[PDB]
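Participant:
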Amino acid sequence: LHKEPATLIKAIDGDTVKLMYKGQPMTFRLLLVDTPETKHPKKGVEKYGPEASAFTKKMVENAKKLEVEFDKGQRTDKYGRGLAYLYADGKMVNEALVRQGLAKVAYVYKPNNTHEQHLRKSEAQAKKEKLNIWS
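Just so we're aligned, residue 7 is where the sequence shown starts under the authors' numbering, counting upward by one.
1) If you check the beta carbons only, do residue 83 and residue 126 fall under 8 Å apart?
2) Assign residue 5 to one of two classes, buried (16 or more other C-beta atoms within 10 Å of its C-beta) or exposed (fewer than that).
3) Assuming residue 91 contacts residue 121 under a Cβ cut-off of 8 Å, what Cβ separation, rounded to an integer in Å, is found between them?
4) Residue 141 to residue 43, Cα distance in whole Å?
5) Short of 7 Å in beta carbon distance, which residues of its chain neighbour residue 53, apart from the five on each side in sequence? Order them along the chain.
6) So, using beta-carbon positions, are residue 21 and residue 40 closer together than 8 Å?
7) Count the other CB atoms, across all protein chains shown, that sit within 10 Å of the CB of residue 81; report buried if there are 16 or more and exposed otherwise.
8) Which residues bound the alpha helix (DSSP H) around residue 103?
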């Protein structure tokens with residue numbers, strides 16, 4: 007896998023960000039994580055939804071450099087969203103969310119599963135520390 011530069015347009019919620027990528031606006035969905043949502047198609051605003059949104063927003067807005075890393079499988083979902091791991095100054099946003107107990111590790115679909123073991127270990131740590139969602 008390889009990291010490529012991107013520029014922030016707007017954080018949309020905990021799991022979704024709009025970026026300029028290779029000169030075009032594109033919505034990205036963060037691979038492998040499920041955050042509580044503020045949008046939710048059926049539920050609207052869920053517990054820790056605002057917190058997870060604010061966490062992603064701060065991280066992306068305060069970064070010097072953002073980079074996206076695609077996995078080995080499909081790079082877009084059925085909604086036209088890019089599927090990627092997002093890095094803010096070298097720190098993976100996907101991991102930071104899970105480590106803080108603000109996201110769970112999603113149902114995984116091979117072959118988009120390269121960082122799965124890494125994220126699962128962070129989730130186990132957040133669960134052990136009783137953080138946020140695990141409180």
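C-beta atoms are modelled at their ideal positions from N, C-alpha and C, and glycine is treated no differently.
Facilitator: To lay it out plainly:
1) no
2) There is no way to answer for residue 5, as the model of the chain reaches only from 7 to 141.
3) 6 Å
4) 18 Å
5) 42
6) yes
7) exposed
8) 99-105
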